[PDB]
Protein chains: 2
Amino acid sequence: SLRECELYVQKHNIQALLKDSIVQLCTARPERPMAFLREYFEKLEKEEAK
Amino acid sequence: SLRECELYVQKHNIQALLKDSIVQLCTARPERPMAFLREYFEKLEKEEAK
């Protein structure tokens, strides 16, 4: 029952967020992961305009 | 080369963050996923003190 529900959050929903996520945690040096996610997309959101 | 680097961000690093993440996106109704992550852990962080 919980598997079919996860069919939406595959590589099309949280992927755009997890993509850069691991790219930063790959170094395994999260001085603060609890707050990292907060400032992670907070600043990444205002990435200027192409 | 990128696989060994992902050995750290398995179910022990971003899991605590993805755990409640899917629990909310499971409904597939993210009015704003880009900002959701920001307020997702921002408020979840101050979850009172056990």
# chains A, B, ... in the order shown; residues from 1 in each chain; ligands from 1
call {"tool": "residues_around", "arguments": {"residues": "region 44-46 of chain B", "least_positions_apart": "5", "cutoff": "12 Å", "atoms": "only C-alpha atoms", "output": "count of residues only"}}
result
15
call {"tool": "calpha_fit_and_write", "arguments": {"fixed": "chain A", "moving": "chain B", "output": "tab-separated table (two decimals) with C-alpha atoms, in the first residue's frame"}}
result
chain	number	residue	atom	x	y	z
B	1	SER	CA	0.00	0.00	0.00
B	2	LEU	CA	2.89	2.40	0.71
B	3	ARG	CA	4.82	1.31	-2.41
B	4	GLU	CA	2.18	2.50	-4.91
B	5	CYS	CA	2.13	5.86	-3.09
B	6	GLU	CA	5.90	6.23	-3.61
B	7	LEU	CA	5.34	5.84	-7.38
B	8	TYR	CA	4.98	9.64	-7.60
B	9	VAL	CA	8.06	10.69	-5.60
B	10	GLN	CA	10.44	8.82	-7.93
B	11	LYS	CA	13.15	10.53	-10.05
B	12	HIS	CA	10.63	13.17	-11.21
B	13	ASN	CA	9.59	14.85	-7.92
B	14	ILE	CA	12.29	14.86	-5.21
B	15	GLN	CA	14.99	14.14	-7.84
B	16	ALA	CA	15.53	17.83	-8.68
B	17	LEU	CA	16.08	18.33	-4.92
B	18	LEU	CA	18.14	15.18	-4.23
B	19	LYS	CA	20.28	15.73	-7.36
B	20	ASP	CA	22.30	18.63	-5.90
B	21	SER	CA	21.71	17.23	-2.39
B	22	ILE	CA	24.05	14.23	-2.74
B	23	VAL	CA	26.41	16.36	-4.87
B	24	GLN	CA	27.08	18.28	-1.63
B	25	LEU	CA	26.81	15.50	0.98
B	26	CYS	CA	29.08	13.31	-1.19
B	27	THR	CA	32.03	14.86	0.67
B	28	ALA	CA	30.49	13.47	3.89
B	29	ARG	CA	31.10	16.69	5.85
B	30	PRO	CA	27.66	18.07	6.77
B	31	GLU	CA	28.55	20.46	9.62
B	32	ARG	CA	24.76	20.66	10.10
B	33	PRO	CA	22.48	18.50	7.93
B	34	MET	CA	19.36	19.41	9.94
B	35	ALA	CA	19.76	23.07	8.89
B	36	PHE	CA	21.58	22.24	5.62
B	37	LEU	CA	18.32	21.32	3.84
B	38	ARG	CA	16.82	24.65	4.97
B	39	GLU	CA	19.60	26.78	3.45
B	40	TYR	CA	20.15	24.15	0.73
B	41	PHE	CA	17.14	25.09	-1.44
B	42	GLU	CA	16.59	28.49	0.22
B	43	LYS	CA	19.63	29.93	-1.59
B	44	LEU	CA	19.55	27.52	-4.56
B	45	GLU	CA	16.04	28.81	-5.32
B	46	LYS	CA	17.18	32.38	-6.07
B	47	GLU	CA	19.71	31.17	-8.67
B	48	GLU	CA	19.38	34.34	-10.78
B	49	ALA	CA	17.45	34.09	-14.07
B	50	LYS	CA	18.87	32.37	-17.18
